[PDB]
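Peer 1:
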Amino acid sequence: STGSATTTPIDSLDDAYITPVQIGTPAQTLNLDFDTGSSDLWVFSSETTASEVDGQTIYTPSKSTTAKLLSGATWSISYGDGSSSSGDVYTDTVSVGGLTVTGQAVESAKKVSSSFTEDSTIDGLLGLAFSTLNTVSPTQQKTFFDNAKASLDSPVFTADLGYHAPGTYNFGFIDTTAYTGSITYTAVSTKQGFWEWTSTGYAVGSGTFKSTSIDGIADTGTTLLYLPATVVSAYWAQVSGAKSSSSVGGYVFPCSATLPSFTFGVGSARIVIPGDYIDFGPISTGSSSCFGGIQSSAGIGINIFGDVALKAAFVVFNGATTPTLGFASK
Ligand SMILES: CCOc1cccc(C(=N)N)c1
Ligand SMILES: CCOc1cccc(C(=N)N)c1
Ligand SMILES: CCOc1cccc(C(=N)N)c1
């Protein structure tokens, strides 16, 4: 089997992407944030505290003929940005892009934090990291990908995120029309539950490539590219008037700047992030200070190849017995 779904930016800045997901019988379609840095499939629901729902589409398990309470099971997640949610758990039929899993754990939110309430466009999360990170207790649950794997034509999914435009998540096959050149594969460590890999270095603009190992995670559910302070300083030093602002919470730069590209290494291959991908717009409406898309990972404890980086590539998440990542230009 395979599946193929379009993923769409939630706003003009590509702050996240939403992918329609069918849950239950008859189908209830919710728009989920596919997150390769978490392992929970959770949704706004008929159980979510009413004052915490503001425009989301909710899952109502009582309207699904296939919804089964996973009795006793609870979940609670805390994300890197400080946001959170928690609740109880139903198993139900879940389909993505024509690929169906029966008996998927669907984590129903009873509570969500303010960041989630205030984002009307995201109806929940679909985690695609390793199932060792799933938060369901007392019986940990599998991701949609782990449950689908055995049925897929190939044990893979691919992320092809758009730059100010829609893109695609495919399951079970690699669309050889969707990228240019060849795919370079690199080793993955699953020790922390993430798609963790080591970049071979970086370049800023037209500058020389610096060969240096950068451990980090391929994380579709993070907007920005978080790298070591040395690398980030070297990038922003090439932008006149850029500075790190403790008041704003990262590097800002004059909106009248043209940003240099950023290259990262994947083995002997190179992925080039165009400068305009690193523009995340005025810090507040009408400001002439713009927010940077490359930020320091100092204090986060891991480097994150988030959407700024991933949207410059066709990315293969190879879930074979020995997992690997692949990157191609596009
Ligand atoms: C406290 C949450 O910490 C992280 C760290 C790394 C990834 C993610 C994620 N869900 N994409 C969340
Ligand atoms: C790791 C993914 O963290 C997310 C994703 C999408 C939305 C939010 C939020 N704060 N409302 C947080
Ligand atoms: C370019 C001329 O004026 C603007 C104004 C505001 C933001 C930006 C930007 N760099 N995102 C550019």
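1 is the number of the first residue of the sequence shown in the deposited numbering; add one for each residue after it. Ideal Cβ placement from N, Cα and C applies to all residues, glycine included.
Measuring only the C-alpha atoms, how far is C290 from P166?
Peer 2: Rounded to the nearest whole angstrom, the CA to CA distance from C290 to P166 is 24 Å.
Peer 1: Is residue 352 close to ligand 3? I mean its beta-carbon at under 7 Å from any heavy atom of the ligand.
Peer 2: With the chain covering only 1 through 330, there is no way to say anything about residue 352.
Peer 1: For a test of the three-state rule: what should DSSP assign to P61, helix, strand or coil?
Peer 2: helix
Peer 1: Hey, quick one: how far does the alpha helix (DSSP H) through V231 stretch, first residue to last?
Peer 2: 229-236
Peer 1: For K149, count neighbouring Cβ atoms within 10 angstroms of its own Cβ and tell me buried if that reaches 16, exposed if not.
Peer 2: buried
Peer 1: In angstroms, rounded to a whole number, what distance separates the CA positions of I273 and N170?
Peer 2: 22 Å
Peer 1: Could you give the first and the last residue of the continuous alpha helix (DSSP H) run that contains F144?
Peer 2: Looking at the DSSP string, the run of the alpha helix (DSSP H) that includes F144 is 144-148.
Peer 1: Check whether the segment 179-190 and the segment 111-128 are in contact - that is, three or more C-beta pairs closer than 8 Å.
Peer 2: no
Peer 1: So, is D276 buried or exposed, given that buried needs 16 or more other C-beta atoms within 10 angstroms?
Peer 2: exposed
Peer 1: Between the alpha carbons of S45 and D175, how many angstroms are there, rounded?
Peer 2: 34 Å
Peer 1: Let me check understanding here. Comparing Cα to Cα, which of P260, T7, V232 lies closest to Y251?
Peer 2: The shortest CA-to-CA distance from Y251 to any of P260, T7, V232 is the one to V232.
Peer 1: In whole angstroms, what is the alpha-carbon distance linking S296 and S71?
Peer 2: Near 42 Å, if we compare the C-alpha coordinates of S71 and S296.
Peer 1: Which residue wins for smallest C-alpha separation from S199, given the options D40, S287, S189, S246?
Peer 2: Considering only alpha carbons, the answer is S189.
Peer 1: Drop a sphere of 10 angstroms on the beta-carbon of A237, count the other beta-carbons inside from all chains shown, and report buried for 16 or more, exposed for fewer.
Peer 2: exposed
Peer 1: Closer than 7 Å to a non-hydrogen atom of ligand 2 - does that hold for the CB of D40?
Peer 2: no
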